[PDB]
Amino acid sequence: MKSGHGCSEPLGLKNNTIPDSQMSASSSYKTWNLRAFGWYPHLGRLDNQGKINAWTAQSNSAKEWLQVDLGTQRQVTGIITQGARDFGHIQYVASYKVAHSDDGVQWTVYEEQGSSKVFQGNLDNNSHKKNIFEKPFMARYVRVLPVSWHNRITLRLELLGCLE
């Protein structure tokens, strides 16, 4: 005799508990890639044990890109972003092109201007920004490529779903 109002669920902070195999970027502030893992992504998650609570870039340039591999094909009904800082200096990305792919070949960048407008917005580091189910759909892998950042490429991108 219950009902399900909430439609925006996490990807590893409820039941899925997805491990460190969901997010992944070219390189992080860590140092580089090389053999083994190298990067230490998957910080966007809340209740961060460390402090960063957000993935940063390596070359601190536009050549860096953050992608998310799911391989589970789930329908998303929202999103959420959060910036980070450097033990004091507040950093956050502004202009960034984020596209989602369900089959892997079709990268939906979500145009608007008429051609292919990128996703702009700082939202600071101490201010999270989520998006309602303005246009839900199944996804298997998403790609993000930041162009205009502020201070340093330190942010976190998370997608929410309905699980229905």
# chains A, B, ... in the order shown; residues from 1 in each chain; ligands from 1
call {"tool": "residues_around", "arguments": {"residues": "residue 144 in chain A", "least_positions_apart": "4", "cutoff": "8 Å", "atoms": "only C-alpha atoms", "output": "ChimeraX atom specification"}}
result
/A:65-67,96-99
call {"tool": "write_last_selection", "arguments": {"atoms": "N, CA and C atoms", "output": "short mmCIF file (atom, residue, chain, number, x, y, z; two decimals), in the first residue's frame"}}
result
data_model
loop_
_atom_site.label_atom_id
_atom_site.label_comp_id
_atom_site.auth_asym_id
_atom_site.auth_seq_id
_atom_site.Cartn_x
_atom_site.Cartn_y
_atom_site.Cartn_z
N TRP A 65 39.41 15.06 -20.90
CA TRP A 65 38.00 14.71 -21.05
C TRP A 65 37.59 13.64 -20.05
N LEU A 66 36.36 13.72 -19.57
CA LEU A 66 35.85 12.76 -18.60
C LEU A 66 34.68 11.96 -19.19
N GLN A 67 34.80 10.64 -19.15
CA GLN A 67 33.76 9.77 -19.68
C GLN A 67 33.23 8.83 -18.60
N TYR A 96 31.50 23.07 -21.02
CA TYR A 96 31.88 21.68 -21.22
C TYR A 96 30.84 20.94 -22.05
N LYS A 97 31.30 20.17 -23.02
CA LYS A 97 30.41 19.41 -23.89
C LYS A 97 30.20 18.00 -23.35
N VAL A 98 29.01 17.74 -22.82
CA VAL A 98 28.68 16.43 -22.27
C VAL A 98 27.59 15.75 -23.09
N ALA A 99 27.92 14.58 -23.64
CA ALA A 99 26.97 13.83 -24.45
C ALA A 99 26.78 12.42 -23.90
#
call {"tool": "select_by_dssp", "arguments": {"residues": "chain A", "states": "strand (DSSP E)", "output": "JSON, numbers by chain"}}
result
{"A": [23, 24, 25, 55, 56, 66, 67, 68, 69, 70, 71, 72, 73, 74, 75, 76, 77, 78, 79, 80, 81, 82, 83, 85, 86, 89, 90, 92, 93, 94, 95, 96, 97, 98, 99, 100, 101, 107, 108, 119, 120, 129, 130, 131, 137, 138, 139, 140, 141, 142, 143, 144, 145, 146, 147, 148, 149, 150, 154, 155, 156, 157, 158, 159, 160, 161]}
call {"tool": "residues_around", "arguments": {"residues": "residue 127 in chain A", "least_positions_apart": "4", "cutoff": "10 Å", "atoms": "only C-alpha atoms", "output": "ChimeraX atom specification"}}
result
/A:81-84,122-123
call {"tool": "residues_around", "arguments": {"residues": "residue 70 in chain A", "least_positions_apart": "6", "cutoff": "10 Å", "atoms": "only C-alpha atoms", "output": "list in words"}}
result
residues 11, 18, 21, 22, 23, 102, 139, 140, 141 and 142 of chain A
call {"tool": "residues_around", "arguments": {"residues": "range 76-80 of chain A", "least_positions_apart": "3", "cutoff": "12 Å", "atoms": "only C-alpha atoms", "output": "JSON, numbers by chain"}}
result
{"A": [6, 7, 8, 9, 10, 11, 44, 45, 46, 70, 72, 73, 83, 98, 100, 101, 102, 123, 127, 128, 129, 130, 131, 132, 133, 134, 135, 136, 137, 138, 139, 140, 141, 142, 155, 156, 157, 158, 159, 160, 161, 162, 163, 164]}
call {"tool": "atom_distance", "arguments": {"atom1": "CA of residue 62 in chain A", "atom2": "CA of residue 112 in chain A"}}
result
22.0 Å
call {"tool": "decode", "arguments": {"residues": "range 1-65 of chain A", "atoms": "C-alpha atoms", "output": "compact mmCIF listing (two decimals), in the first residue's frame"}}
result
# COMPACT_ATOMS: atom_id res chain seq x y z
CA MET A 1 0.00 0.00 0.00
CA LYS A 2 2.92 2.32 -0.77
CA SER A 3 3.92 4.53 -3.69
CA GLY A 4 7.09 5.66 -5.44
CA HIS A 5 7.34 9.44 -5.73
CA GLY A 6 11.11 9.76 -6.00
CA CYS A 7 12.26 9.27 -9.59
CA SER A 8 15.80 10.63 -9.25
CA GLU A 9 18.06 7.91 -7.85
CA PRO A 10 21.88 7.75 -7.65
CA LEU A 11 24.17 5.25 -9.38
CA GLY A 12 26.04 3.94 -6.35
CA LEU A 13 24.69 5.62 -3.22
CA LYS A 14 21.48 3.66 -2.68
CA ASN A 15 21.36 0.01 -3.76
CA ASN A 16 23.47 -0.24 -6.91
CA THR A 17 26.59 0.69 -4.94
CA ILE A 18 28.47 0.82 -8.24
CA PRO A 19 32.23 0.37 -7.66
CA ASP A 20 35.05 2.47 -9.12
CA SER A 21 34.22 1.28 -12.64
CA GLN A 22 31.58 3.83 -13.64
CA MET A 23 33.58 7.02 -14.14
CA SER A 24 36.88 7.46 -15.98
CA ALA A 25 38.81 10.33 -17.56
CA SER A 26 41.86 10.64 -19.81
CA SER A 27 44.00 11.78 -16.88
CA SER A 28 43.61 13.26 -13.39
CA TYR A 29 45.62 15.76 -11.35
CA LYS A 30 47.20 12.68 -9.77
CA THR A 31 50.14 12.70 -12.19
CA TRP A 32 49.38 10.61 -15.28
CA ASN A 33 48.08 7.28 -16.57
CA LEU A 34 50.93 4.88 -17.33
CA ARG A 35 50.66 1.24 -16.25
CA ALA A 36 47.96 0.25 -13.77
CA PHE A 37 45.08 2.57 -12.86
CA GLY A 38 46.93 5.83 -12.26
CA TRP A 39 43.89 8.06 -11.84
CA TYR A 40 41.64 8.21 -8.78
CA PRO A 41 38.20 9.22 -10.12
CA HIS A 42 34.82 8.47 -8.56
CA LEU A 43 34.86 11.37 -6.10
CA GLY A 44 31.63 13.09 -7.09
CA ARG A 45 29.87 10.74 -4.68
CA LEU A 46 28.62 12.42 -1.51
CA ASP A 47 30.01 11.79 1.97
CA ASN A 48 33.48 11.93 0.42
CA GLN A 49 35.97 10.32 2.79
CA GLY A 50 38.78 12.47 1.43
CA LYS A 51 37.90 16.08 0.67
CA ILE A 52 38.17 16.61 -3.09
CA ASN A 53 34.72 15.15 -3.75
CA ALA A 54 35.37 15.77 -7.44
CA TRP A 55 37.59 14.57 -10.29
CA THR A 56 40.30 16.92 -11.53
CA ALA A 57 42.29 17.18 -14.77
CA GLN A 58 45.92 16.23 -15.37
CA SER A 59 47.25 18.73 -17.90
CA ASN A 60 44.74 21.26 -16.57
CA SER A 61 43.85 22.00 -20.19
CA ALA A 62 41.00 21.45 -22.64
CA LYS A 63 42.67 18.32 -24.03
CA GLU A 64 41.35 16.52 -20.96
CA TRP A 65 38.00 14.71 -21.05
